[PDB]
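# Working through the structure, step by step
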Amino acid sequence: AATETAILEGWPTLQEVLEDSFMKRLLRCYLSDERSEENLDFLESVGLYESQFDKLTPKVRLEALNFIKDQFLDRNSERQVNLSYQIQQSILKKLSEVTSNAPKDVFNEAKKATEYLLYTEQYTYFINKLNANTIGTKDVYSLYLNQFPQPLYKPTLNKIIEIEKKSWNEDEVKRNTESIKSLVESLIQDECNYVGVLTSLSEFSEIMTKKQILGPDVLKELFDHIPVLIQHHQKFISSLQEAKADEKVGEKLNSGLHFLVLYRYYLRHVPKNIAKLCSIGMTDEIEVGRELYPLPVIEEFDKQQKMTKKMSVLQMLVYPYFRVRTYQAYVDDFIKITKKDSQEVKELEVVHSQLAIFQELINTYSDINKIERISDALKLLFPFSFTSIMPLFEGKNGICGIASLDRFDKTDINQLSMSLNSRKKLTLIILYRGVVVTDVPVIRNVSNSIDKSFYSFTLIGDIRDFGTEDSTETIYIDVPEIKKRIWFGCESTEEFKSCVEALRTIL
């Protein structure tokens, strides 16, 4: 009860805090700031005693018992747990009778008494502090951030990608800044759309269970805490659509968004998330039968989402990682149309700090560049079907180089020359996990399709070597498995060099 009751609805139980490394570190900063670590320290010692027990001799178990006693439970001890008389007397009486053969559960009674104190006197105040009106403006978040002390791509590719990003932002819900009322309407519609994405993932999770495609463990690795976040976002939406909520914007964002820290429970799985779903998609059907073949199940959902929400399933998995940016963009807009120097604008500045803080917390336990590179790779390859892209995202991935092609050919491996009249308008995309050629307009008009395949595709592991005829800006790769040399003729010297350097680093 002390470990499995949530004192705040939708917020983790003590056990759920203790079992996550990020959340436990926050609790520990909080406890350390108050200089009251004894309860947690006692619980970890007991935990360590129990996990060490089986492989130790009785002699060494007794040593460990006496040490733990001397630290936390003895009447003169330095880190004494604040046990009341009637509890302390029961515990020490029993301990004083264990002189001989220390059992594995000698600390059960004391453990239960200490969990009770941790839950009631400490964990309770910790969860309350994460929900205080003043969190994120020398609190537990900044104490935590004080324990921690650069472009996504090399120059030529960075320019190309940055160009495409200007177009990717022409979606979707424009923020209507006519008035504050109008801007809240925008945010409500945005949240509703976003919850629609989260709800679709939830339903996809349901589909995989009913089909027995995945067990409960793998589904946790994919969708952990997604239902809990949906609930908080729904509570936020209900708050925003309250009558004259346009009069209380600052307060609603502050209190409505404290739960953002809880994104940790989902985000700790990103981007392993994506890699796993790809692994699942790549299982040969012969190993599971036509019946439990996951691929057509993923494909049907992916196709469905791309037609409906213009997002693939892999994009939806990485999407929540960037949610805070949307809130920061809204807050900057609310501030701009709010009366200068007013109380209402000071409330919004507070929210501005909070959101910057949430983003910082996320950065301490994830690799932003790795995740952003994956996210960019998914937007660029949106026209391609899940089946076509999955080997590319089965591990860490990113775009390493892009060149539009003037010529292309496939000869036998080791052939010194390509054929004449091999002129084709194509695009070469070098990715970390593979080399792609496509006839699909993928950079700048761009395709409105969602079902495309790759004209040429080579897993990076299947490339023995590569060469270049620099004279004509030509790149070739030798691919033994299929006994082919594949030739890429580039239009830009610039993109040619970009692509050569890319292959040099990757291969």
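Residues numbered from 1 in each chain as written, not as in the entry; some residues may be left out. Heavy atoms only, no water.

The deposited coordinates for this entry were obtained by X-ray crystallography, with a reported resolution of 2.30 Å.

### Considering the nonpolar core
Quick reminder of the rule: Among the buried residues, those of types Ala, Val, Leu, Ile, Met, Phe, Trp, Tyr and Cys that are joined through side-chain atoms within 4.5 Å form a nonpolar core. Classification of residues uses two cut-offs on accessible area relative to the type maximum, computed with a 1.4 Å probe and protein chains only: under 20% is buried, over 50% is exposed, and between them is partly exposed. Helix and strand assignments follow DSSP, with helices taken as H or I runs no shorter than four residues and strands as E runs no shorter than two, numbered in order from the N terminus. Whether two residues touch is decided by their heavy atoms; if any such pair falls within 4.5 Å, the residues are in contact.
Counting 135 residues, the largest nonpolar core has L314 and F393 as its most contacted members. Broken down by element, this core gets its largest block of residues, 12 residues, from helix α9 (residues 180–210). Apart from the residues within four sequence positions on either side, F393 is in contact with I274, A275, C278, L314, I374, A377, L378 and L381. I430, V437, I463 and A502 belong to the second largest nonpolar core, which has 22 residues in total.

### Observations concerning the UniProt feature "domain: DH" (unreviewed entry) in the protein chain
Applicable threshold: UniProt positions are given in the numbering used here, feature names are shortened, and annotations may be inferred rather than shown by experiment.
Summarizing the sequence annotation, UniProt attributes the feature "domain: DH" (unreviewed entry) to residues 179–365 in the numbering used throughout. What you have in residues 179–365 is 72% helix and 0% strand, and the ends, taken at the C-alpha atoms, are 38 Å apart.

### Quick notes on the packing of helix α17 (residues 323–337) against helix α18 (residues 343–365)
Using the following cut-off: Geometry is summarised by axes, namely lines fitted to C-alpha atoms with helices restricted to the contacting stretch, and by angles between N-to-C directions that run from 0 to 180 degrees. By the definition adopted for this analysis, an angle is roughly parallel if under 35 degrees, roughly antiparallel if over 145, roughly perpendicular if from 65 to 115, and oblique otherwise. Note: crossing handedness is left-handed where the near helix turns anticlockwise from the far helix by less than a right angle, and right-handed where it turns clockwise.
As a packed pair, α17 and α18 sit with axes 10 Å apart at the nearest point and diverge in direction by 160 degrees. In terms of their interaxial angle, α17 and α18 are classed as roughly antiparallel. Crossing of α17 over α18 shows left-handed handedness. Contact residues: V324, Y327, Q328, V331, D332, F334 and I335 in α17; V345, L348, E349, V351, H352, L355, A356, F358 and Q359 in α18.

### Structural notes on helix α15 (residues 295–308)
Short version of the rule: Multiply 1.5 Å by the residue count of a helix minus one, and that product is the helix's expected span. Here, the arc refers to the directions that run from the helix axis to the C-beta atoms.
If you check α15, its first and last C-alpha atoms are 20 Å apart, about what 14 residues at 1.5 Å a residue would give, namely 20 Å. Among the residues of α15, those classed as buried are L295, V297, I298, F301, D302, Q305 and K306. In an axial view of α15, the angular spread of the buried residues amounts to 160 degrees, which keeps them on one side of the axis. Residues of α15 that are exposed and point over 90 degrees away from its buried face: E300, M307 and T308.

### Examining unusual backbone geometry
Across the chain, the bulk of peptide bonds are trans and the bulk of non-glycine residues have phi less than zero. A cis geometry characterises the amide bond from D171 onward to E172, with omega recorded as 0 degrees. As for its placement among the helices and strands, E172 is situated in the loop between α8 (155–168) and α9. In this structure, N421 takes a positive phi of about 50 degrees despite not being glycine. Looking at where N421 falls in the secondary structure, it is placed in the loop between β1 (399–412) and β2 (423–431).

### Notes on the domain arrangement of the protein chain
Our working rule: Segmentation into domains, and thus their bounds, comes from an automatic or database assignment. Here the buried area means the combined drop in accessible surface, using a 1.4 Å probe, for two parts upon being joined, counting both sides. Within this document, salt bridges are pairs made up of a side-chain nitrogen of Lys or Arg and a carboxyl oxygen of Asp or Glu, the two lying within 4 Å of each other. Two N or O atoms count as a polar contact when they lie within 3.5 Å, although within protein this holds only if one can serve as hydrogen donor and the other as acceptor, and sequence-adjacent residues are included solely when both atoms are side-chain atoms.
Taken domain by domain, the protein chain consists of domain 1 (1–148), domain 2 (152–168 + 366–506) and domain 3 (169–365). Taking only C-alpha atoms, the centre of domain 2 and the centre of domain 3 are 31 Å apart. Taken together, the contact between domain 2 and domain 3 spans 27 residues of the former and 33 residues of the latter. Summing both sides of the interface, domain 2 and domain 3 together bury roughly 2,400 Å²; the carbon and sulfur share of this comes to 65%. Here domain 2 and domain 3 share one salt bridge between them. The interface formed by domain 2 and domain 3 contains 11 residue pairs in polar contact. The set of elements that each furnish at least two residues to the side of domain 2 that touches domain 3 consists of α8, α19 (368–380) and α20 (386–389).

### Here's the deal with the pairing of β2
As a reminder, the rule being used: For two strands to be treated as a pair, DSSP must find at least two bridges joining them.
Where β1 lies against β2, seven bridges are found, and the strand directions are antiparallel. Residue pairing in the sheet places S404 in a bridge with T427 of β2. Looking at chain direction, β2 and strand β3 (residues 434–438) are connected through five bridges and run antiparallel. When the bridges of β3 are listed, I430 appears paired with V435. Counted along the chain from β2 to the antiparallel partner β3, the turn is two residues long.

### A few points about the pattern of salt bridges
For the structure shown, the criterion picks out 28 salt bridges. One salt bridge in this structure joins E394 and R433, with 3.6 Å as the shortest N-O distance. Of this pair, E394 sits in the loop between α20 and β1 while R433 sits in the loop between β2 and β3; the two residues are 39 residues apart in sequence, bridging distant segments of the chain. You can call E394 partly exposed: its relative accessible area is 29%. Sharing partners across several salt bridges, the network here consists of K24, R28, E37, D41, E44 and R79.

### Remarks on the UniProt feature "domain: RGS" (unreviewed entry) in the protein chain
Mapped onto the present numbering, the UniProt feature "domain: RGS" (unreviewed entry) falls at residues 13–128. Structurally, residues 13–128 comprises 72% helix and 0% strand, and the distance from its first C-alpha atom to its last is 13 Å.

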